[PDB]
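A short worksheet on the structure shown next.
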RNA sequence: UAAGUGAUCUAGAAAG
RNA sequence: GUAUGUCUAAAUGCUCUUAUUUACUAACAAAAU
Ligand SMILES: [Mg+2]
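Chains as they are written, first to last, in PDB author numbering: chain H, 1503 to 1556; chain C, 3 to 48; chain X, 2039 to 2085; chain E, 2 to 115; chain B, 1610 to 1827, 1837 to 1985; chain A, 1288 to 1341.
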């Protein structure tokens, strides 16, 4: 709650660091996980026949 | 590249070797503990 | 496979065996003395 | 003829087991393979002074050493090695051991660490 | 992913046969080859094949008079025959006492048969290893194809025209055989094959190697032994026993003697003593290893014999390295755990007991 | 797009990733690919995923 | 009263 | 990319151990959420 002006800081990280964050736009702690991809993981296997086929 | 030794078996600072050493210690240590307790018990009995 | 002793006799036999085990061990590893009976248990079982 | 060569040519009569046996028979006689101090290339982790001529061989400097097995292992089943080196200027045999208790080395009558 | 990455349906791969193995590489694929070599180190393929052959021979010996077999001759093949995939040769030639009425070329798992087609006095078994791969991983089909090819053309170094081609896909662990059969043979053969697959030493070793390559994985406690749950101490120290003696000429004759498998129930005192005979070790090598396997097999048999009420929970083993084989053999019985121990238990002095020793001495068979 | 008063979907707004962003993505991909002659296939894959997820 | 036809890149060897 | 250079006169069979490697090479490449 005291970390204010955080997004801007994150954005400006680009100029301080060599390899930057590719998720500058969000931030887990203030926003929560804006995506979740376990479903995808589950389904890829299925798509590929099931486990046995693999 | 830089530090060569890092790609050697004999090098102890190599991680695999370290792990192995730890494992050895852990097993041996456990054995000692098992025996140590027994020894203590014996002493107490005495 | 074994001789059929009476209970006392059996006990005696067991004792003798134990003694033999101890003595042999002493002969072998030149240990000074057995500390207790519970220390000798280990010797008996595990070896 | 090319480093990634899949199959080396064998003669038309090459009983592999028999061949192996033969090799073994002619391994005790053999000069190399039946000896200690087999060569190795290594950089020096200790960064130390050659005790004879005080040549300050620094960290990571590359040498063609001799690795030999020390019979007296550490604890039980984790080997330790003598790793011979020569000083650049004077040809004094520096070496060191790899005692893995501290995850590091030990100097062996060659030079001193600093 | 070797069995997809290396595979038969390749566009342009120059199919080199890998060194001292039957593992075709359709083009130079880099790490794969190394891995394969590691797996099949120290002529492993050959060992596997030979081991299988030996097993087959043993089986034949066991069931000689049941199937009317005069003699079971293991042919002195060229060492590379295991890994000559182009040609082949009869490994186990098989003489008949009376004339066999064999079936037509057919598969190992076929319920319907007809034993009125061809007749023969002599037969052969061929063992054909193959490393499988996603496209041609079907083993049975492959074996059939081989049979069609080898048997027919000119001469495929078989003494008889009729025989069988056992085939074991090492990379898929599938097995199948195809060829000619006589009445009562086929089921037995199938059983033997199954047994081999469950536990051949060479195959086990191969499996272990594969696992390693892949990095795949699956005093104080003395009073616990004597609770209401049934257990079995198993010793293997006196299984392979030898006596050494000098002749008058000087030659030290290392004569193998009749051994035992000490299997003691500590609750009831039932010593299930299997007497191993000297005829087991005839013409063998890597002997200690073989003995362990034998012991394991015996244990398995014993377990099978015991009904579900009388079966153990913890089969305790005396030695350290009697675990794995036992485990392999006891995959049929997963409920039965196999336990190691710190105790150097004194069941190696089973031969010190007189009556037992006498019994061991006076045995003319496995008993 | 919605009018807050009446709750009507009064307008549309079509989106397209601006060319600059596309270019950036491409660059990132290139970077991932370049300086990866070694890398454990899996590491590379992970990197790609990260990029793609972003 | 009338949907659902077709377009299918590739493709490995050496040395570094 | 498994470096290199100088240096050169013209006991026999036996078996048993393994679910490993005193293994060696680094020229090749180097990042996170
Ligand atoms: Mg160059």
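For every residue, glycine included, the Cβ atom is placed at its ideal position computed from N, Cα and C.
Check, Outcome
"Presumed contact (8 Å Cβ cut-off) between residue 1638/B and residue 1618/B, rounded CB distance", "Not quite, the Cβ-Cβ distance comes to about 15 Å (not below 8 Å), so this is no contact."
"Any chain E beta carbon closer than 8 Å to residue 1625/B", "yes"
"Span separating the alpha-carbon of residue 1344/A from that of residue 1510/H", "This structure cannot settle anything about residue 1344/A, because the visible part of chain A is limited to 1288 through 1341."
"Residue(s) in a DSSP beta bridge with residue 1773/B", "1734/B, 1788/B"
"Burial state of residue 1717/B, where buried means 16 or more other Cβ atoms lie within 10 Å", "buried"
"Positions along the region 7–34 of chain C whose CB lies within less than 8 Å of some CB in chain B", "none"
"Cβ-Cβ distance between residue 86/E and residue 71/E below 8 Å", "no"
"Residue 1799/B: first and last residue of the uninterrupted beta strand (DSSP E) it sits in", "Run containing residue 1799/B: none in the beta strand (DSSP E); it sits in the alpha helix (DSSP H), 1794–1807."
"Where the alpha helix (DSSP H) containing residue 64/E begins and where it ends", "Per DSSP, residue 64/E belongs to no alpha helix (DSSP H); it is in the beta strand (DSSP E), 63–70."
"Nearest-angstrom beta carbon gap, residue 1917/B and residue 1852/B [assumed within contact, 8 Å]", "6 Å"
"Proximal residues to residue 1882/B (C-beta, below 6 Å), its chain only, five neighbours per side dropped", "1851, 1889"
"Boundaries of the beta strand (DSSP E) in which residue 1892/B is found, first to last residue", "1892–1894"
"Identified DSSP bridge partners for residue 2067/X", "Paired residue(s): none; residue 2067/X is not in a bridge."
"Proximal residues of chain C, C-beta to C-beta of residue 31/E below 8 Å", "Correct list: empty, because the minimum Cβ distance to chain C is about 24 Å."
"Cβ neighbours of residue 1826/B in the same chain (closer than 8 Å, five flanking residues each side left out)", "1820"
"Residues of the region 14–31 of chain E whose Cβ lies closer than 7 Å to any Cβ of chain B, in chain order", "16, 17, 18"
"Spatial distance of residue 1662/B from residue 97/E (CA atoms)", "52 Å"
"Beta carbon proximity, residue 1947/B to chain E, threshold 8 Å", "no"
"Check whether residue 1956/B and residue 1945/B have beta carbons under 8 Å apart", "yes"
"Close beta carbons around residue 1855/B, own chain, < 6 Å, minus the five adjacent residues each side", "1966"
"Residue-level contact to chain A via CB, residue 1525/H, 8 Å cutoff", "yes"
"Residues near residue 1787/B in its chain [Cβ-Cβ closer than 6 Å; skip 5 each side]", "1716, 1752, 1753, 1756, 1774"
"Residue 1505/H versus residue 1531/H - alpha carbon distance", "11 Å"
"For residue 1634/B, the first and last residue of its enclosing beta strand (DSSP E)", "1633–1635"
"Pairwise C-alpha distance: residue 1730/B and residue 1709/B", "6 Å"
"C-alpha gap between residue 114/E and residue 1519/H, whole angstroms", "37 Å"
"Continuous beta strand (DSSP E) assignments of at least 3 residues falling wholly in the region 1924–1977 of chain B", "1932–1935, 1955–1957"
"Cut-off 7 Å between Cβ atoms - residues of its own chain near residue 33/C, not counting five sequence neighbours on either side", "none"
"Chain C contacts made by the region 78–90 of chain E, where a contact means CB separation under 9 Å", "78, 79, 80, 81, 82, 84"
"Listed by chain order, chain X residues near residue 1971/B by CB distance under 7 Å", "2039"
"Sequence-distant residues of the same chain with beta carbon closer than 6 Å to residue 1874/B, five excluded per side", "1860, 1896, 1899"
"Residue burial classification, residue 1911/B (beta-carbon count within 10 angstroms, cutoff 16)", "buried"
"Own chain residues within Cβ distance below 6 Å of residue 1880/B, not counting five before or after", "1853, 1965, 1968"
"Beta-carbon gap between residue 1932/B and residue 1810/B smaller than 8 Å", "no"
"Under 8 Å by beta carbon: chain C residues contacting residue 101/E", "14, 19, 20, 23"
"Reference residue 121/E; option with closest CA among 19/C, 47/C, 12/C, 43/C", "In the structure as shown, chain E begins at 2 and stops at 115. Residue 121/E is therefore absent and cannot be evaluated."
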